[PDB]
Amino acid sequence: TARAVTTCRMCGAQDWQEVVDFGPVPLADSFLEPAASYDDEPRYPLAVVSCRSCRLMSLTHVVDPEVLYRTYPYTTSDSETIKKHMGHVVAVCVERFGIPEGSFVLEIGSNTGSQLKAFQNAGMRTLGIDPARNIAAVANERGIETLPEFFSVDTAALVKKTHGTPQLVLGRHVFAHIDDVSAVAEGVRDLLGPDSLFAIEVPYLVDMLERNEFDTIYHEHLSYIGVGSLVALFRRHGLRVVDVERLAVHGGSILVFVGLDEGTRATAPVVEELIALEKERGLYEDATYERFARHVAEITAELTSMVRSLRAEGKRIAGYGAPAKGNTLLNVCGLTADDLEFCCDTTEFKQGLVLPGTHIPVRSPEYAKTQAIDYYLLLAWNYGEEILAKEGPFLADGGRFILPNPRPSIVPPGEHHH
């Protein structure tokens, strides 16, 4: 079973309001071999709570990281969107903070090592840390040195001893996946020199609330983060938030730079600005999260009836992409193989498998192109621009997409938008 949250990860208080509860839900990245039955499929409570002190949003429970990540088989996206964004991460880190060539960049949750590869092409020394054994072996094979472990205070000390002081420590979409964020902050503090930086990229709570991105709630995602809660945490570990960049990726994200409290790096005014913006948009008030809650109920209900209505008219519907978040979407909406006949997905490992809970089949794009699908529910909506850009033939044939946020809508729209 999953361990229950007592006190807050960031600020250490214990005072939260309930925001939404989806009950027991199977793990979003636990895809299944098809056929037979699925009686023993594990399910865990999926509910979110908001800490009234620092306003970290968090799941009620913490599924064991060993279970989640040790055989995590899914590689970093090889999409043009992510290739470009990884190049941008390098650019921002190097150019904004003046990291010279030959500097050392450590990455937490480095996966297959593609982000590090880009840092190596910019002339940097690198090292990865990722517990997915399979994936770490691929990175190591490719020539990108990766320790096959979770990040910790002791692994941090092993890195310092063997590899030295990093000019940059990077964690992309991994900081929200770690329960003991205090230990990370400690390992980081020990690692950083006077002008070293700790940069983390996470989905921005402001964007999640405003665009009603409830499908981004899943067990892997323990935290849902704003700038406020991070300052609260780093205060308690001799670390200080020095800069933030808002990004379009993954439905609205923040790339947060953190340095030693008593180090070289000055705090930029942007940090205060975003903290003021968070207050100004109701993040410290109960109503905001009750409003989120009904938006979810509204979107969930109108998404299912929209799907079931179209099916009743004799239209065929499939899912486009089989991302982790799509499995929250379809489980919460209670959709099944009768509603979506398959989900197409470019991930070879996923092809031939079946989705968690809903048990919808996952098929290949080459198969999908042989089927007369009228609507695709766009589950990988964070890649909307890239996806729509290569689906001209489908759209030209009168095919349509259903987007789940900010509100359910049909692409193409009825008129040209300027």
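Residue positions are given as counts along the sequence shown, with the first one as 1.
S.K.: Out of 347 to 355 and 34 to 42, which one has CA B-factors that are higher on average in the deposited record?
M.R.: On average, C-alpha B-factors are higher across 34 to 42.
S.K.: Test of understanding: from the entry's C-alpha B-factors, which stretch has the higher mean, 356 to 364 or 388 to 396?
M.R.: The stretch with the larger average C-alpha B-factor is 356 to 364.
S.K.: Highest recorded C-alpha temperature factor, please, choosing from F198, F234, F150, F97.
M.R.: Result of the comparison over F198, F234, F150, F97: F234.
S.K.: Go through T264, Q115, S223, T126 one by one and give the residue whose Cα B-factor in the PDB entry is largest.
M.R.: Result of the comparison over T264, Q115, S223, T126: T264.
S.K.: So where's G109 on the chain's Cα temperature factor ranking, which third?
M.R.: CA B-factor rank for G109: lowest third.
S.K.: If you rank every modelled residue in this chain by C-alpha B factor, which third holds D339: lowest, middle or highest?
M.R.: According to the entry, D339 has a C-alpha B-factor in the chain's highest third.
S.K.: Using the B-factors in the PDB entry, rank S50's C-alpha atom against the chain and give the third, lowest, middle or highest.
M.R.: Highest third - that is where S50 ends up once the chain's C-alpha B-factors are sorted.
S.K.: Could you tell me which third, lowest, middle or highest, the C-alpha B-factor of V270 occupies within its chain?
M.R.: According to the entry, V270 has a C-alpha B-factor in the chain's highest third.
S.K.: Could you place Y204 in the lowest, middle or highest third of its chain by Cα temperature factor, using the values in the record?
M.R.: It belongs to the lowest third of the chain when residues are ordered by C-alpha B-factor.
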